[PDB]
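Undergrad: Below is the sequence, then the experimental coordinates.
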Amino acid sequence: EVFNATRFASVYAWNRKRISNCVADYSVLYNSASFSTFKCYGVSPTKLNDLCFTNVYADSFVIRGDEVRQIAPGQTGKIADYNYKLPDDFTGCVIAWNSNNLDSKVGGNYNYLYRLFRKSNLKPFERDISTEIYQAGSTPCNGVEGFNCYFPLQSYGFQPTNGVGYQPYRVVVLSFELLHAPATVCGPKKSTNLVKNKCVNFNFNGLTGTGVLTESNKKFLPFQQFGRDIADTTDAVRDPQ
Amino acid sequence: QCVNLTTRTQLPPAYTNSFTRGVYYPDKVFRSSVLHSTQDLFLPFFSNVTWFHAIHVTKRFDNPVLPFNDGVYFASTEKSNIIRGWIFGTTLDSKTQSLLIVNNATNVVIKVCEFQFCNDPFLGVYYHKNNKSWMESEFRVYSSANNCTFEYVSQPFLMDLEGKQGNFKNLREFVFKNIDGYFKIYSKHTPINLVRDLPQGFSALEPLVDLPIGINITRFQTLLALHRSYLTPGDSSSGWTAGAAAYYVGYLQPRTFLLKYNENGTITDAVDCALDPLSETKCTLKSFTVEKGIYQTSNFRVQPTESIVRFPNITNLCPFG
Amino acid sequence: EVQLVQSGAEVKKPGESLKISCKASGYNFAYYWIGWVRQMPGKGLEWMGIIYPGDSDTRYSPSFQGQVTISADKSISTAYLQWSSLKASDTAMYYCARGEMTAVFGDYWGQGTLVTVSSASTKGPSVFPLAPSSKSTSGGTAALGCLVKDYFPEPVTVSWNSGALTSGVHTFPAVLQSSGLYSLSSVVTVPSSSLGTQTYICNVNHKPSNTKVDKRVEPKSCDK
Amino acid sequence: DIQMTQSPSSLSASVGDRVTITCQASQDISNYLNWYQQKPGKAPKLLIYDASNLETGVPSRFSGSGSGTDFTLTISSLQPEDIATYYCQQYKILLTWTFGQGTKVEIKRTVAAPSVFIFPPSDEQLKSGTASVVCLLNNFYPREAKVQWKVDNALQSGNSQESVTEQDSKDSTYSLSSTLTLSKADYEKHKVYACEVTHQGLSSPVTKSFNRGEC
Ligand SMILES: *[C@@H]1O[C@H](CO)[C@@H](O[C@@H]2O[C@H](CO)[C@@H](O)[C@H](O)[C@H]2NC(C)=O)[C@H](O)[C@H]1NC(C)=O
């Protein structure tokens, strides 16, 4: 319901969608050749089929083609600075595909807006929907137009006859929350019966280890998940089932 | 839209000493019998917090606004449910979103909506003699509500409300933090009955609620409950009726602390790294006790105060064009 | 001013093949989506598929995937619709609509192609005219018309005097009978004196057997 | 999947009245709605292409509003030619979108007495070996009426066909045709044939009869 929507919001009012408690199959995302730009930051594409996270955040918008390279950490640009920033330690996925067939009108489409001027930069994750006029001079505007005073928002104006430079592009970004809470989003892998007193290799919610399991009378805190006494090695685990 | 109802009488704020409170678990991992050091947003061990009185039938009518400034610590001991929820925002209108939490004998409801704020709104309650009970009938605290994004109704978490007569025999502590468009709420409830106000016991705080909100917060306020009074036309009373309650407000600061766990896994003792030179010496070492002698700690430094820039004064545009 | 023109009504039998066309004119055919809608007698509508001719992109509804096929031809600015194997539940009315995916979809539609399927033979209508008696009634204006019931499949077009006269004409919907036949009648009202110096010819045309007939009407003499 | 519903299923209102119809959705759709109107035996036409925005070339008396899960369509001043079927369609996902159930709007008028006419079989049909007697009821309101056939003062049942037209847009009346089919021998056996019409606008049932040997 997110990769097939009829209409997408403007880049200045992007809407985020949260996804949790479901079994995901990312293969159909990377098997298909429809997408033009498919980038991953911090995680290999295939290995996503064997990982579990706590929640997934999806953001979607539409922008011109020449700026598809700007959506990346560390870059600077008008939309990158004034509309959508990225943290320097981002991990996730970025998908971008051409949508000239869905957002083009013969007379010109004027349903998309983008911000031109702003006093300062934004934080890595922020949203700006203020309609207050921007003042570049010294004389107060008093809510009216004038010299050195302009309306911030500006239109794009897509046309079907334009070249690849001005053609629209639909962009979605996926972010994961991990190493913070017990897993909620899972991958398709059927479980297996347990072993009590034998040395085996185990895979608990994506955490891979080797050794022998046992039952201990440890007063584990009910709201906690697992512990590590020292040397950054887990020793106590809780079975999800 | 709103009716202005304010009193010209004002009283200066009053302070008190925060003995040892303001410690919470910094992570969800489990540690046993290990001393740990962590740097995070905490509340200094020895500091002055502000205590506010909210009783007015001599009398003192008070309900001001306080800044947030990267987290807030809240304390109160109420028996008549005087305070229900908190409101947040910058200008406090329909432009920005806000939060409201209500707790009753049935359930607990948390809502996030773009409510309309009055100049000085307050929740009112009424009494039915035929039903011999107290309920709520006046819901004019907000004018309009739009763009609902989150609603959550659940069973009561740590509120008993069983005893019909309880006189300040419990303690409630709350911590609010906001960072990276994330709102974190930590809560704690403990039983105490002592002559003095603040006890000598030590306890930590557990994590309760995390919520994603992409807004900037620079102001917040509390809510109060006012009981309706049956007054004759010729009574000519004050017009404000409320119970007996008061609250404690502090602040937060990024600091590094050294905590000591226990065998079972409960926080019992902690020290600060920047209170006094003895504490700094304890921080440099690892144990809670030291032997007599000479110890070396971090060095001194003098910070700058001003900046000066000097450039040649040349007026000539580039031939770059 | 754009115009959409469909293909003629069709009749088939189970196990055969079929093809339907829809043609558009008056605008640039490569810049708009073409969609197909169906209606089964007496019930609601249901989308089937859409197509973009420029990039040649086709999308289908989940219920009708694999049982039909949609294609477009930019050389003559046409859209098509193809089947593989018909059955007894494919008789319906079909429309081709022009739309665009940002503001308005469904701006202009077609005429409506009627597709019939069955296992039977096709026969020809027989018309029996009826005219008022030699004496007019008290209403001043007397009734006239024709009655036809022997035909399959439906429908059939009837007009009077090359369609010049249309006020007061009424046709009744055909009703199925026991032996797989339908009955219809055409009625009209004409002034009493018109029989003195006017003659009325009714023309009945149908595509299935592709026949057009004309019958003259005269007042009924009182043959006691 | 998303399913929709309309209410009321069918209603009647007089000329100059205010009419309202409600469309309901299973979940949120965010003002992605279209309103369609289809006259009997024709192709649908667009009426309103959003929650509120009005299509060009449409009379101003139509209006629409609503959001969330409830939408309303209002007609301010009804006109005689506004008898049709109304639909509300949602469009959220790229191609899964469905229509509604449908609604029928009618108009009531003053009771009008029918005009009864009787037509005997023609000579060509008699030569063909069959006979058909036609009873025509013209310009009557409302729709319900009863037709009976008598042959030599004997009632006939189960051997007649009944065809009724749609509501006229000029005089807001109906038309009715009844056909009695018989063999040539049965038709020639009897002499007098009568068609009796019962209607609320008739004080008494009206009988039109003809004799085989008198025509
Ligand atoms: C829209 O819906 C599905 C979900 O990913 C995708 O549809 C696929 O379409 C082709 C068949 O025409 C195949 O790749 C798969 O059989 C379909 N997937 C299914 C049925 O789950 C499609 O990629 C999505 N996105 C777009 C832009 O169409």
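TA: Noted; the coordinates are in hand. Numbers count the residues shown, from 1 in each chain, chains lettered A, B, ... in the order given.
Undergrad: So the residue of chain C positioned farthest from its centre: helix, strand or coil?
TA: Summary for chain C: using C-alpha atoms, centre = their mean, the residue whose C-alpha lies farthest from the chain's mean C-alpha position is residue C:224, with a distance of 42.0 Å. When classified by DSSP: H, G, I helix; E, B strand; the rest coil, residue C:224 comes out as coil.
Undergrad: For it, list the residues it contacts.
TA: When contacts are counted by C-beta atoms under 8 Å, 6 or more residues apart in numbering or on different chains, residue C:224 touches D:213-215. Backbone N, C-alpha and C define where each C-beta goes, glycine included.
Undergrad: Swap in 10 Å and give it another go.
TA: Residues in contact with residue C:224, defined by C-beta atoms under 10 Å, 6 or more residues apart in numbering or on different chains, are D:211-215.
Undergrad: got a winner among the residues you listed for most neighbours?
TA: Using other C-beta atoms under 10 Å in any protein chain shown as the neighbour definition, those reach their maximum at residue D:212, which records 16 neighbours.
Undergrad: Look up how far chain A lies from that one.
TA: As for residue D:212, its distance to chain A is 70 Å (criterion: C-beta to the nearest C-beta, to the nearest Å).
Undergrad: Quick check: that residue touching residue D:186?
TA: No: taking contacts as C-beta atoms under 10 Å, residue D:212 lies outside contact range of residue D:186: 11.6 Å.
Undergrad: picking that back up, what would the contacts of residue C:224 look like in a markdown table with secondary structure?
TA: As requested, the contacts of residue C:224 are exported to a markdown table (three-state DSSP):
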| residue | secondary structure |
| --- | --- |
| D:211 | strand |
| D:212 | helix |
| D:213 | helix |
| D:214 | helix |
| D:215 | coil |
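Undergrad: and which of those is nearest residue A:136?
TA: residue D:215 (98.8 Å; C-beta to C-beta).
Undergrad: which residues touch the closest residue to residue D:61 other than its chain neighbours?
TA: The shortest distance from residue D:61 to any non-neighbouring residue, by C-beta to C-beta, 6 or more residues apart in numbering or on different chains, is to residue D:76 (4.5 Å). Residues touching residue D:76, when contacts are defined by C-beta under 10 Å, 6+ apart, comprise D:16-19, D:59-63.
Undergrad: Pretty sure residue B:280 sits in a helix.
TA: Yes: Residue B:280: assigned to a helix according to three-state DSSP.
Undergrad: need the contact list for it.
TA: By C-beta under 10 Å, 6+ apart, the residues touching residue B:280 are B:271-274, B:295, B:297-298.
Undergrad: Report the contact partners of the closest residue to residue A:90 other than its chain neighbours.
TA: For residue A:90, the nearest residue in space outside its immediate sequence neighbours is residue A:73; the separation is 5.1 Å by C-beta to C-beta, 6+ apart. Under the criterion of C-beta under 10 Å, 6+ apart, the contact partners of residue A:73 comprise A:41, A:80, A:85-90, A:124.
Undergrad: which among those end up buried?
TA: In terms of neighbour count (16 or more other C-beta atoms under 10 Å in any protein chain shown), the buried residues within the contacts of residue A:73 are A:80, A:85-86.
Undergrad: Take those and keep only those in strands.
TA: Judged by DSSP state E, these include no members of strands.
Undergrad: Distance check, the residue nearest the centre of chain D against residue D:80.
TA: Most central residue of chain D, judged by C-alpha distance to the mean C-alpha position with C-alpha atoms, centre = their mean, is residue D:166 at 3.7 Å. If you measure residue D:166 against residue D:80 using C-beta to C-beta, to the nearest Å, the figure is 14 Å.
Undergrad: for the residue nearest to the centre of chain D, helix, strand, or coil?
TA: The assignment at residue D:166 comes out as coil when based on three-state DSSP.
Undergrad: Could you give the number of residues near the closest residue in space to it that isn't next to it in sequence?
TA: The spatial neighbour of residue D:166 that comes closest, neighbours along the chain excluded (C-beta to C-beta, 6+ apart), is residue D:40 at 5.5 Å. Other residues near residue D:40 number 10, with proximity taken as other C-beta under 10 Å.
Undergrad: next one: residue B:6
TA: When neighbours are counted by other C-beta under 10 Å, residue B:6 comes out with 8.
Undergrad: So which bits of the stretch 1-150 of chain B are right by chain A?
TA: Counting by C-beta under 10 Å from any C-beta of the partner chain, the stretch 1-150 of chain B comes close to chain A at B:25, B:27-34, B:95.
Undergrad: Swap in 7 Å and give it another go.
TA: B:28-32, B:34 (C-beta under 7 Å from any C-beta of the partner chain).
Undergrad: looking at those, which has the most residues close by?
TA: Scoring the residues of the stretch 1-150 of chain B next to chain A on neighbours with other C-beta under 10 Å, the highest-scoring entry is residue B:30 at 20 neighbours.
Undergrad: thinking that residue is in contact with residue A:223, fair?
TA: No: Residue B:30 is not in contact with residue A:223 according to C-beta atoms under 7 Å; the separation is 10.3 Å.
Undergrad: where do the helices sit along chain D?
TA: Secondary structure of chain D (DSSP state H): helices at D:123-128, D:184-189.
Undergrad: interface residues of chain A facing chain B?
TA: If contacts are counted using C-beta under 7 Å from any C-beta, the residues of chain A sitting beside chain B are A:125-127, A:181, A:219-221, A:224-230, A:236.
Undergrad: Those: which two are farthest apart?
TA: A:127 and A:219 (44.8 Å).
Undergrad: Looking at these two now, which is surrounded by more residues?
TA: For residue A:127 versus residue A:219, the count of surrounding residues by other C-beta under 10 Å is larger for residue A:127: 17 against 10.
Undergrad: ok now do that one, which residues does it touch?
TA: For residue A:127, the residues meeting the contact criterion (C-beta atoms under 7 Å, 6 or more residues apart in numbering or on different chains) are residue B:214.
Undergrad: CA atoms of stretch D:63-80 as CSV?
TA: Output for stretch D:63-80, consisting of C-alpha atoms alone and laid out as CSV, is shown next (Å, rounded to 0.1, in the frame of the first residue of the first chain):
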residue,chain,number,x,y,z
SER,D,63,-22.9,20.1,-4.0
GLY,D,64,-20.8,17.6,-2.2
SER,D,65,-18.9,17.5,1.1
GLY,D,66,-17.5,15.2,3.7
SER,D,67,-14.2,13.5,4.6
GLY,D,68,-12.8,10.7,6.7
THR,D,69,-15.3,7.9,6.4
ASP,D,70,-18.5,9.9,5.6
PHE,D,71,-19.4,11.8,2.5
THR,D,72,-22.6,13.7,1.5
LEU,D,73,-24.1,14.7,-1.8
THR,D,74,-26.8,17.3,-1.9
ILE,D,75,-29.2,18.5,-4.6
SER,D,76,-30.8,21.8,-3.7
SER,D,77,-33.7,22.3,-6.1
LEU,D,78,-34.9,19.2,-7.9
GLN,D,79,-35.9,19.3,-11.6
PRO,D,80,-38.1,16.9,-13.6
